[PDB]
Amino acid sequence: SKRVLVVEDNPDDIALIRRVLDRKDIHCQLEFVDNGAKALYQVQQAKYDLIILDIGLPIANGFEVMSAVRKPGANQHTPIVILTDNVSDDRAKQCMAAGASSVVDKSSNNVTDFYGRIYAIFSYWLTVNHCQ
């Protein structure tokens, strides 16, 4: 059973993410935490198949989370997807420098696009990308 860790605090985003997985029959353990401190603790506790984070949360301590995950250890090479509203090219480029696997615009002002991007992230990283 795959496990995913998502650093996100918007409760409608969260509810939409759970629902996408449901409908699309994507079966994994999902864990949400609302900040970077909590993230850095959970990465020490379990090996994840995927870690998603909203770099828009100052409180997510995104770059710090990414450095720490990228260190020697169980999740050293766990895919990290940044999923954040309004990604600029600069910020995407900064995430990529800090170790992100992928940067994705939520486009959450367009639920149709937001929904299909959630499904693409989980679909790709869990059923296409090779998992141990």
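The first residue of the shown sequence is 1; numbering continues from there.
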Item checked: Stretch with the higher entry mean CA B-factor, where the candidates are 34-42 and 84-92 -> 84-92
Margin query: Comparing average C-alpha B factors as deposited, tell me which of 16-24 and 110-118 sits higher.
Written below: 16-24
Margin query: Quiz for you: based on the deposited Cα B-factor, which of 104, 50, 100, 59 is highest?
Written below: 59
Next item on the list: Could you look up the Cα B-factor of residue 78 in the entry and say which third of the chain it sits in: lowest, middle or highest?
Entry: lowest
